[PDB]
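Shown next, in structure tokens, is the structure this report addresses.
Every read-out reported here was derived from the displayed coordinates using simple, explicitly stated rules and does not represent laboratory data. So basically every Cβ, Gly included, is an ideal-geometry build from the backbone, and we count neighbours across all protein chains shown.
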Amino acid sequence: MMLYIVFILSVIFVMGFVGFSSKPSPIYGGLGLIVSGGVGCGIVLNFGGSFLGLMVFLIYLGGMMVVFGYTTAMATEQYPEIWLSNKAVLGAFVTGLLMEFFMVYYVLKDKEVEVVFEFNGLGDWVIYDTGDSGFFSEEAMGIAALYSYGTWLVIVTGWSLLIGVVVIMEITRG
Amino acid sequence: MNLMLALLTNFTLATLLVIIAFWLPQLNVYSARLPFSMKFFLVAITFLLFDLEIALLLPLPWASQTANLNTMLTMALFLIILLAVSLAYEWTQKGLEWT
Amino acid sequence: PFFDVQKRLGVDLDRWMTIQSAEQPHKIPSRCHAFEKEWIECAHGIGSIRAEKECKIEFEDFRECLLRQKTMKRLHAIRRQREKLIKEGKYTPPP
Amino acid sequence: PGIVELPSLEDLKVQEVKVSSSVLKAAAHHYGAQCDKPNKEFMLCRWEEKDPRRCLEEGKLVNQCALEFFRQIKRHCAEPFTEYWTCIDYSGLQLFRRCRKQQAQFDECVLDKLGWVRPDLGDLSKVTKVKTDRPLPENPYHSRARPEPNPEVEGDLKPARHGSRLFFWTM
Amino acid sequence: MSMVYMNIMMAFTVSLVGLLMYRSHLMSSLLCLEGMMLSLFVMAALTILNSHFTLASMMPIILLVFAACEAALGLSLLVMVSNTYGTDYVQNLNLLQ
Amino acid sequence: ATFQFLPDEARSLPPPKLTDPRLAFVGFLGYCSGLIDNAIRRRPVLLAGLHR
Amino acid sequence: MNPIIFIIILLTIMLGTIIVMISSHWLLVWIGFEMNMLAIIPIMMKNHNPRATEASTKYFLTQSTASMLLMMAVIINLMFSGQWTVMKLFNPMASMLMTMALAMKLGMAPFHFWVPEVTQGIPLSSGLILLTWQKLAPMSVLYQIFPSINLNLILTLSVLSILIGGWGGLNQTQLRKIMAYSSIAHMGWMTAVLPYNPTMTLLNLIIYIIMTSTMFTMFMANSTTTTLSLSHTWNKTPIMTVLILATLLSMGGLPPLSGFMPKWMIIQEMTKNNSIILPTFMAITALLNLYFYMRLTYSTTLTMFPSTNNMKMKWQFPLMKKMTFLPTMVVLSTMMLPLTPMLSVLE
Amino acid sequence: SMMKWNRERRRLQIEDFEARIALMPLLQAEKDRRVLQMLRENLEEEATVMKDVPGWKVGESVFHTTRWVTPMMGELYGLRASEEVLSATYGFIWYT
Amino acid sequence: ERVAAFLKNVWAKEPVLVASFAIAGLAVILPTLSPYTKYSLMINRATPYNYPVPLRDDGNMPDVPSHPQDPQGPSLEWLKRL
Ligand SMILES: CCCCCCCCCCCCCCCCCC(=O)OC[C@H](COP(=O)(O)OCCN)OC(=O)CCCCCCCCCCCCCCCCC
Ligand SMILES: CCCCCCCCCCCCO[C@@H]1O[C@H](CO)[C@@H](O[C@H]2O[C@H](CO)[C@@H](O)[C@H](O)[C@H]2O)[C@H](O)[C@H]1O
Ligand SMILES: CCCCCCCCCCCCO[C@@H]1O[C@H](CO)[C@@H](O[C@H]2O[C@H](CO)[C@@H](O)[C@H](O)[C@H]2O)[C@H](O)[C@H]1O
Ligand SMILES: CCCCCCCCCCCCO[C@@H]1O[C@H](CO)[C@@H](O[C@H]2O[C@H](CO)[C@@H](O)[C@H](O)[C@H]2O)[C@H](O)[C@H]1O
Ligand SMILES: CCCCCCCCCCCCO[C@@H]1O[C@H](CO)[C@@H](O[C@H]2O[C@H](CO)[C@@H](O)[C@H](O)[C@H]2O)[C@H](O)[C@H]1O
């Protein structure tokens, strides 16, 4: 059912993590992370985080992961080893999926599972806010507040990014 | 649902066109370091760091609605100047060269 | 803080984001504003050793608003009893 | 923990204002001017009690004043008003600026027939004051008693008796 | 807790185990490091959004910005390692035993 | 107070005497640092740099 | 490195630490650690050799992993308390992660493996920052969250560090590895007393920083990185051998030297809490450290090792390194025991 | 030209916001009854499903405090048809 | 004079950078000199995002209107004529 979209997305989220955490060639490991990032945006979108979700696409996927793939093409791999051709990767990949499936199978059946900690299974929709009718995006109001409340956050973040430029040039000079 | 339907249709159609492109009656019976400059790596990293500063600047259209305009404008200009400073640093350090 | 420069200089570097009942843009309240507000006021100025025992009731309520673990447990109980009764044909939901 | 008191289903019945949002949008400016007193009494109650169960009586007087407000448009200005909110209703954003011609006809009709004056820019966002016989709530948060503060320390600071007293040190 | 927290917490654990169980490519560990950050961002955003804690809405962005700058430093060290030995294999980084 | 080296209430206490035996020891430690400074730089230990 | 850039990078290292120590918000604490790590990598890389690259890479992975665990603890805390204030944590699972994250940053055993390797692979001046200034930020957090720390976990980390640090140093001839294992052992004493009296953690930290800075400065003055290189100092700077002798005996906790004071005050605090076995075990295990300090004194000061003919050329040139604050630091490293009651300034 | 037009657009926004403010009392009153009706309806269903479950009080609060607490979605639509819950939950986010 | 011949050189050799620095200089200086900058804060203040909760009348509030159309309270006449 559509009421479980967030749970369904979070299930795919985990499989994507098993995909690259079993560590195939970093070409495919990067692909597994891109799919997890897209699913991660989907989860954040359904909790009302439109701006935060699109930052995942714009910054995490369109920025950081492009550079990861770019660097992989130069310094790591150019051709990939056949996916799952290694026993360790396949074993880890199969191990994660089965653990994930057993978690999902039981929570769905019981509407609650106890994987180490207690988790409900009624649906994520049940914890949502009930009354809302402001004429603005609260999520947008908070991020915009960075420039009126977070003077300190801007300064240290701005400084760190400038230092990142300086440092990376020092590191790579040789 | 509408947006998911749109995305599904766009990429499903793309998938179909790609496969029919690959399939048709042919009527026939018979991991290392690229020799690639460090400069290109530095372009990617430079883009990334600037892309992170653009993320901090995107809220500006909303931030201009605040009543704390004096603080908002000072921090907005501060962030752009530091972005300009890092560009100046790369420039003077020969980081935007190709020779 | 290890060095409380903020209090000593009277400058607010990061205290504004520390809690959800502080001033927010356009007076938007958090869902648990009243619960956090009550727990903070109970525990103010007496120290965490005393607060862990004397403000236990407020913290328990506040934690219930945050995670809603009891509330979900009660709904899960009513949901169990319905979709059971519905099988024994002893209940008919209203229109 | 106790049982959450809830008003009976018949304690909540009332005649609802069953008109669309573009009708309310078109009438909002005159509505805010005409029904301010019960409206602000109700909003004062809600922000003071913080409990919807405690303002049900004032909420009912909000509907009655609104139904009476609309029964008075229907009785004098029905046709100018229908033209107006039908123009508002056409816009996907229900914009006021697309319907100034129809707005003027409705504005003139209520002014001539009911002496209604459209509030000026800025008026409806004013903070006003309300007279209410409802007593001011005492403990709206239903908060327990606060823990007693630690015994405050007051006195004259004297030199430490015999210094640090650390092992063999004399100062 | 809610269902989603189960899978999001699990994703962080999976990437942590992936990071602590190295293979050969240094890049593969940097990916697991960035997977941990992804799940942290999603977990924090969900918590902040659900609780309607408005001023905290900027926090996931700050996390993304610093982490990406931190990932840039990691990639710079990877290329320097790769410029020395011709690969990014972590078994070459054993001079300091 | 918070993040204050000597809060205002500390002024009720008598000040340490300028002839405090601990203060003399601290002065002695400073003198020793002066000699070790000369020694590491191969100056005449006792006479060199009296200003220093 | 350009001298102006080097100063700016050093100030960023300091600023990252300061942010951690003045923040009341967990996000700003995490930002401080991120900033600090960003600026410390260039000074580890500043001599551009494969060993420096390996050290920086091993450092980056360890610190990055720890900062991820720190953020995970912060978010778990947010889930269960709905606030970001830097203080005790409100979930036991968050406390374990934060404690393990900070133990990883500090290099305590059994997360200690990086400290000997990173220190060996970077210059002496970088090792001085790594083993002194970099302890301030994690220790200042531990100082604030200790009420929620699991007692068994923190004492286990302390005991293992004293054992690992003591045993690891016995097999070392490299001066930077000796200092690294000395550091691991000394972090153990600092965290053992943290649950009982945080003031004694600060006292041990400050005194440790002074003596460690003294040793690194004296190693830099002669450009010595090995035991045998250090054994030539007698035939060049005889005074330096005496200072090295005194400082090493102080680091060994021998009375009446300054390095006795932290061990002495820590034993007192734990006995007041009816903890007798732990202080006794720690003091005895600390004799392992005293052994390989004494070995250095034998080859450096108390005996005259063989020299080389070319050393005669060095006799003709003066010592031109800055040696900043060495006369002050060495005096404080050795002669502070009569002023022990002054530890109350830290209260 | 942009200053003139943006100033007019700010005045139009204020007029639009003031229309919303005039209506909010009426909308707030309607919302209160709707929430209370939905809670009263869920209570009646609970009084029947859990009519004799060992030790189950009906309508018991989970909070120590007696202060009114805003219900969450599960407490309002917990026993209602799925399409209403989808529309109430994800309808706004999905309208786009 | 020394600065004047400096500007002529940059204008001839780096006109793109001269424009950049000039535009950025104007962005930092002009808000302090413009007479309209004060209206930006006023307009932002006047926009009512949240409901204006009425006060409880104690009889000692001569400056608080009893009705939106009463003559007390903040006015936007300045904004209409703007
Ligand atoms: C007061 C309260 C505190 C109490 C605690 C104890 C504090 C004392 C420790 C202070 C710190 C150590 C500083 C000691 C100063 C040493 C200076 C000295 O005495 O002379 C060193 C001597 C001179 O060498 P140089 O100057 O280069 O050339 C000589 C030509 N005339 O160099 C040489 O000639 C080398 C001689 C060979 C090496 C001999 C080693 C045995 C002597 C070591 C004595 C110092 C031991 C310190 C341990 C504490 C003693 C109790
Ligand atoms: C690497 C560079 C390091 C340089 C470090 C320089 C320190 C900079 C200090 C910045 C913080 C200044 O001090 C702080 O500023 C902001 C904005 O002005 C103020 O914040 C203000 O904006 C919003 C508006 O409500 C709220 O946060 C608060 O209500 C208000 O006071 C704080 O009240 C003040 O305490
Ligand atoms: C390095 C591995 C990293 C893996 C990280 C995995 C994510 C961990 C998620 C931890 C969040 C849940 O953490 C756990 O939640 C339950 C729910 O109330 C708490 O509650 C539980 O313990 C206490 C014990 O008195 C009580 O609340 C209660 O008896 C019990 O239900 C736990 O005390 C808390 O530790
Ligand atoms: C007006 C305030 C508006 C805010 C502006 C925002 C601040 C941006 C700061 C950028 C600082 C750049 O500063 C710039 O440094 C270079 C250093 O090479 C100087 O240029 C100098 O170096 C270059 C080398 O490439 C030489 O070719 C050139 O002949 C010489 O003049 C410029 O004279 C100066 O403009
Ligand atoms: C490397 C770091 C670089 C940092 C660069 C920072 C540049 C900042 C430049 C402008 C900052 C302030 O910009 C502007 O200045 C004037 C100075 O009075 C302020 O003041 C102006 O607006 C206020 C608002 O009511 C009026 O009351 C006032 O009469 C008017 O002068 C503005 O409110 C502020 O928006």
The residue from G:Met71, G:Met104, G:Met96 that alone is surrounded by fewer than 23 Cβ atoms within 10 Å (Cβ to Cβ), under 30 Å from C:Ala43 (Cα atoms) and more than 16 Å from ligand 5 (Cβ to nearest atom) is G:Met96
One residue is enough: does segment A:102-114 have a residue meeting the conditions within 16 Å of ligand 3 (Cβ to nearest atom), in contact with a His (Cβ under 9 Å, 6 or more places away or on another chain) and not in a helix (DSSP H, G or I)?
yes
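Name the residue that is farthest from I:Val64 (Cα to Cα), counting only residues in segment D:81-140 that are of a type in the set (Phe, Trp, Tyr) and away from chain I (no Cβ under 14 Å).
Taking the candidates together, the pick is D:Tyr90.
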When C:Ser30 is run through (1) closer than 30 Å to H:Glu44 by Cα; (2) in a loop (DSSP other than H, G, I, E, B), the failure sits at (1)
Tell me, yes or no, whether segment G:275-289 has at least one residue that is out of contact with any strand residue (DSSP E or B) (no Cβ under 8 Å at 6 or more places or on another chain), assigned to a loop (DSSP other than H, G, I, E, B) and small (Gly, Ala, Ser).
yes
Where a residue in segment F:18-31 is surrounded by 13 or more Cβ atoms within 10 Å (Cβ to Cβ) and its partner, wherever it lies, is among the β-branched types (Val, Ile, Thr), with Cβ under 7 Å and at least six apart
F:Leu29/G:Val331
Residue identified as surrounded by 14 or more Cβ atoms within 10 Å (Cβ to Cβ), in contact with an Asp or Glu (Cβ under 7 Å, 6 or more places away or on another chain) and of a type outside the set (A, V, I, L, M) among D:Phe70, D:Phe42, D:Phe81, D:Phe106:
D:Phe42
When you scan segment F:1-42, how many residues do you find that are within 19 Å of G:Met329 (Cβ to Cβ) and among the charged types (D, E, K, R)?
2
Does segment B:19-33 contain at least one residue that is within 10 Å of chain A (Cβ to nearest Cβ), surrounded by 12 or more Cβ atoms within 10 Å (Cβ to Cβ) and within 16 Å of ligand 4 (Cβ to nearest atom)?
no
Of (1) of a type outside the set (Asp, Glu); (2) more than 7 Å from every other protein chain (Cβ to nearest Cβ); (3) out of contact with any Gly (no Cβ under 6 Å at 6 or more places or on another chain), G:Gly16 satisfies every one except (3)
Would segment B:26-38 turn up any residue that is in a helix (DSSP H, G or I), under 30 Å from E:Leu63 (Cβ atoms) and of a type outside the set (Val, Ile, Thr)?
yes
Looking at segment E:88-95, is at least one residue at the interface with another protein chain (Cβ under 7 Å from one of its Cβ atoms), surrounded by fewer than 21 Cβ atoms within 10 Å (Cβ to Cβ) and in contact with a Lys or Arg (Cβ under 6 Å, 6 or more places away or on another chain)?
yes
Select, from C:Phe59, C:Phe3, C:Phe35, the only residue that is within 12 Å of chain G (Cβ to nearest Cβ) and within 16 Å of ligand 3 (Cβ to nearest atom).
C:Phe59
Report, by residue number, each residue of segment G:227-257 that is more than 8 Å from ligand 1 (Cβ to nearest atom), at negative phi, under 23 Å from the mean Cα position of the chain (by Cα) and part of a loop (DSSP other than H, G, I, E, B).
G:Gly252, G:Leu254, G:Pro255
Need at least 3 residues that are under 22 Å from the mean Cα position of the chain (by Cα) and more than 28 Å from I:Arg56 (Cβ to Cβ) per element, so show me which helices (runs of 4 or more DSSP H) inside segment D:1-86 make the cut, counting only ones lying wholly within it.
D:21-34
Those residues of segment B:84-99 which are surrounded by 15 or more Cβ atoms within 10 Å (Cβ to Cβ) and within 11 Å of ligand 5 (Cβ to nearest atom) amount to none
Considering (1) more than 24 Å from D:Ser164 (Cβ to Cβ); (2) in a loop (DSSP other than H, G, I, E, B), say which one F:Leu6 fails and leave the rest.
(1)
Please go through segment B:41-70 and give me each residue that is closer than 18 Å to E:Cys69 by Cα and of a type in the set (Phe, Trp, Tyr), ordered by number.
B:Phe41, B:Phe47, B:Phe50
Does segment B:71-90 hold any residues that are within 7 Å of another protein chain (Cβ to nearest Cβ) and near ligand 4 (Cβ under 10 Å from one of its atoms), and which are they?
B:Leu77, B:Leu82, B:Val85, B:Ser86, B:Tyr89
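Across segment G:77-93, which residue is farthest from ligand 1 (Cβ to nearest atom) among those that are more than 9 Å from chain C (Cβ to nearest Cβ) and buried (at least 22 other Cβ atoms within 10 Å of the Cβ)?
G:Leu78
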Does I:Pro68 satisfy the condition of being away from ligand 3 (no atom under 16 Å from the Cβ), within 27 Å of the chain's Cα centre (by Cα), surrounded by 15 or more Cβ atoms within 10 Å (Cβ to Cβ) and in a helix (DSSP H, G or I)?
no
When you scan segment H:36-59, do you find a residue that is touching a helix residue (DSSP H, G or I) at 6+ places or on another chain (Cβ under 7 Å), part of a loop (DSSP other than H, G, I, E, B), at the interface with another protein chain (Cβ under 7 Å from one of its Cβ atoms) and under 25 Å from D:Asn139 (Cβ atoms), even just one?
yes
